[PDB]
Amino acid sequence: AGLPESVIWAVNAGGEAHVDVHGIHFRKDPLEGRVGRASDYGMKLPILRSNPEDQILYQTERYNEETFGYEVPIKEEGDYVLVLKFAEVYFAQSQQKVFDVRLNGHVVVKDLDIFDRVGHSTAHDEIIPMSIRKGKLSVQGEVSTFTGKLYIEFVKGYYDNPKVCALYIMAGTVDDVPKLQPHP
């Protein structure tokens, strides 16, 4: 199946619905009023590297001073890819904001420092392939029992607060995923 048809679940964190240049519908945030804090602070800033019709995705966020996450129902077995979108709209030095990302307890991104990787007010995406088959989740070579729901967690450490800007899951493999342009 082609791209928009292959997307099973997608969220614009801290914001309203938005359809991107690829036809992907990022839904209004289901955690509004529930857990964490929404911020539109980035709406004052141009976002580098992102396509300009879609910068609203990176200008809105959900963050928190304690660990928080999203629960995702997955109906059918198959191969999937999770895409996580971020931007640093406040700090402009390394080791100011740093956090881990976990999937059903497995640490899939260790010590994420958005500024260190891309700079200030600039798009950064993480791309995480996975498989759900024979009652198991498989990610980065580790395997555990899958019950029907995936728990995506952003973990509080010592350096400022965990955050996320947007996220989506598509059926397919990594070669099917649109990539951001190369960046120094």
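Position 1 is the first residue in the sequence shown; the rest follow in order.
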item: 102-110 versus 87-95 - which carries the larger mean C-alpha B factor in the record; value: 102-110
item: Residue stretch of maximal mean CA temperature factor, 143-151 vs 56-64; value: 143-151
item: For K44, the third of its chain into which the C-alpha B factor falls; value: highest
item: Lowest, middle or highest third - CA B-factor, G14; value: middle
item: Among modelled residues of the same chain, the CA temperature factor third for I24; value: highest
item: Third assignment of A171 from its chain's C-alpha B-factors; value: middle
item: Ranked C-alpha temperature factor of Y158 among modelled chain residues, by third; value: highest
